[PDB]
Amino acid sequence: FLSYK
Amino acid sequence: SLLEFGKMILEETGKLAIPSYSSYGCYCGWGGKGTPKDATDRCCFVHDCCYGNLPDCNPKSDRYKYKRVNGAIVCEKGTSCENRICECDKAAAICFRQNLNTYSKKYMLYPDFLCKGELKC
């Protein structure tokens, strides 16, 4: 509950 | 979405995707130009290409479910999009893990202005 891209 | 992808990254790398991978190199973030800085950055480049091949979907927003069987990530059947998005994320999370030995702190908080020139997928 925590990746971008 | 970033929720599912972030979860995989933590499970596979032991690091919180944000802020660990959200500002890394030229491709781990929102940017998308220049030559990837290293292996980890190439993982993000590839992830972008994977997402770029899901025109009929909403990679960043669409929510999907996944499980872990025998210690490995398993994308179960949902919508075609949910399955494909899951696979793109799975491949990248594992890529990050496989390349942790070359993850370099110097590439964190990397300014996009240092990244220019479109690179073909």
Side-chain angles (χ1 to χ4, degrees):
Chain A
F1 336 112
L2 46 288
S3 180
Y4 211 87
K5 237 325 98 142
Chain B
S1 70
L2 307 216
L3 181 162
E4 290 80 14
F5 187 29
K7 187 178 182 179
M8 289 182 191
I9 295 187
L10 180 53
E11 304 184 311
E12 297 298 317
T13 73
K15 311 161 78 66
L16 294 176
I18 296 177
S20 294
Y21 291 101
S22 50
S23 72
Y24 197 92
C26 292
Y27 291 94
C28 303
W30 193 78
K33 302 182 176 305
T35 302
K37 302 307 298 179
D38 62 357
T40 291
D41 199 18
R42 279 194 296 284
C43 294
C44 296
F45 172 75
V46 171
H47 187 245
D48 281 338
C49 295
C50 197
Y51 268 18
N53 276 278
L54 301 187
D56 61 308
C57 311
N58 296 293
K60 300 176 177 179
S61 180
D62 298 313
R63 300 291 300 299
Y64 65 81
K65 204 85 81 68
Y66 79 86
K67 63 180 182 179
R68 184 171 291 282
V69 180
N70 294 169
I73 296 172
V74 181
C75 293
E76 55 260 2
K77 285 301 177 183
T79 59
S80 178
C81 279
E82 282 163 36
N83 302 310
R84 286 175 282 154
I85 293 172
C86 183
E87 288 297 340
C88 288
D89 291 346
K90 170 181 176 179
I94 288 174
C95 187
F96 290 147
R97 177 170 67 61
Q98 302 177 315
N99 292 286
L100 274 180
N101 205 191
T102 56
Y103 176 97
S104 298
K105 300 177 180 182
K106 64 177 180 180
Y107 293 130
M108 292 182 78
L109 304 175
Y110 203 74
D112 68 286
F113 89 79
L114 292 174
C115 309
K116 61 208 301 176
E118 188 61 54
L119 177 56
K120 105 293 291 184
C121 281

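Basis for what follows: all heavy atoms, side chains included, without hydrogens, waters or symmetry-related copies. In what follows, chains carry the letters A, B, and so on, assigned in the order in which the sequence lines appear, proteins first and then strands, with residues in each chain numbered from 1.
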Over 12 foreign heavy atoms within 6.0 Å of NZ, B/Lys60: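 Yes, NZ of B/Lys60 has more than 12 neighbouring heavy atoms, counting only those of other groups under 6.0 Å.
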
CG (B/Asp56) with more than 12 external heavy atoms under 6.0 Å: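 Atom CG in B/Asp56 is packed in, count exceeds 12.
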
Please report the interatomic distance [atom1]([X]) to [atom2]([Y]), rounded to the nearest 0.5 Å.
| X | Y | atom1 | atom2 | result |
| --- | --- | --- | --- | --- |
| B/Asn83 | B/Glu76 | CG | CD | 8.5 Å |
| B/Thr13 | B/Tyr21 | OG1 | OH | 4.5 Å |
| B/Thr40 | B/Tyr27 | OG1 | OH | 15.0 Å |
| B/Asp62 | B/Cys86 | CG | SG | 12.0 Å |
| B/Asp38 | B/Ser104 | CG | OG | 5.5 Å |
| B/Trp30 | B/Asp112 | CH2 | CG | 9.5 Å |

Is any side-chain heavy atom of [X] closer than 4.5 Å to a side-chain heavy atom of [Y]?
| X | Y | value |
| --- | --- | --- |
| B/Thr35 | B/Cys26 | no |
| B/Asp41 | B/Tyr107 | no |
| B/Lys15 | B/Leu100 | yes |
| B/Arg84 | B/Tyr64 | no |
| B/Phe96 | B/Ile9 | yes |

Donor-acceptor check, side chain of [X] to backbone of [Y], threshold 3.5 angstrom: yes or no?
| X | Y | result |
| --- | --- | --- |
| B/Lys90 | B/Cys75 | no |
| B/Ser1 | B/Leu3 | yes |
| B/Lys116 | B/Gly34 | no |
| B/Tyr103 | B/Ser20 | yes |

Is there a path from [X] to [Y] through hydrophobic residues (I, L, V, M, F, W, Y) whose side chains come within less than 4.5 Å of each other?
| X | Y | value |
| --- | --- | --- |
| B/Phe113 | B/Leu119 | no |
| B/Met8 | B/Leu10 | no |
| B/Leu2 | A/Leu2 | yes |

Salt-bridge contact B/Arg68-B/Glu12 (side-chain N to carboxylate O under 4.0 Å):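 Looking at B/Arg68 and B/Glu12, the cut-off is met.
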
Donor on one side chain, acceptor on other, B/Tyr66 and B/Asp89, under 3.5 Å: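 No, no side-chain donor-acceptor contact under 3.5 Å.
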
B/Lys37-B/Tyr110 side chain donor-acceptor pair, cut-off 3.5 Å: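 B/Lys37 vs B/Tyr110: donor-acceptor pair found between side chains.
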
Chi angles and distances behind the side-chain contact (heavy atoms from CB on, under 4.5 Å) call for B/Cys88, B/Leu54: CA-CA 10 Å; B/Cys88 288; B/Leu54 301 187; 4.0 Å; yes

B/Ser22 versus B/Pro19, closest heavy-atom pair with distance: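 Between these two residues, the closest heavy atoms are OG-CA, 3.4 Å.
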
Closest approach of B/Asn53 to B/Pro55 (non-hydrogen atoms, all atoms of both residues):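 Minimum heavy-atom separation between B/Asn53 and B/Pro55: C-CD, 3.1 Å.
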
Ring geometry between B/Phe5 and B/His47 (parallel below 30°, tilted from 30 to 60°, perpendicular above 60°):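 Correct class here is parallel.
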
Sub-2.5 Å SG contact, B/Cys28 and B/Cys43: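 No, B/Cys28 does not link to B/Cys43 through a disulfide.
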
